[PDB]
């Protein structure tokens, strides 16, 4: 690895190898080097245009199926844990279960007004997963957040309309009232039940 050409080639290969290994793709680097050399020298490829196209389409299809099965398995695993968590939590002191499946516990009751669907609210909050992983919070920005009541996840919309201004609640949000069966790879996987501590500061008609 003395030249910049060798170092670049190696770095690309290592990036590829790490990506393949991370996806469980069993690959033969020598056979791949040979096909790469053949393509670049202008030689006759050891496979026809069609054999290769068939090979790579079978490859993609298997990958999607594998990725889909991992999604569904994770979606089901999170649903199961969520239902387990909520079934245990409904028994605990102070926990109220609402018709939509949203649960909450009043930590402190305010005396202000309850926001309506159209109002805007200012709130402090922390959102966490069932394992305690915090995925968001106003306590980094050290500044209240502001939201229209109708433009947040349904669990918040249902909770806020019950909350007097000044109140602090913990709410326990079934995935159907949060982000449902979705994963953009972010901190929230599919069918995740969420827990929020929400302090409602003010309501704005």
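Positions refer to the first chain, counted from 1.
Checked against the record, the higher mean CA B factor of 157-165 and 139-147 lies with 139-147. Averaged over their C-alpha atoms, the temperature factors of 193-201 and 16-24 are higher for 16-24.
Among all modelled residues in this chain, the alpha-carbon of residue 170 has a temperature factor (C-alpha) in the lowest third. Residue 177: CA B factor lies in the lowest third for its chain, per the PDB record. Residue 111: CA B factor in the lowest third of modelled residues in this chain (values from the PDB entry). When the modelled residues of the chain are ordered by C-alpha B-factor, residue 133 sits in the middle third.
The deposited CA B-factor of residue 78 belongs to the middle third of values across its chain.
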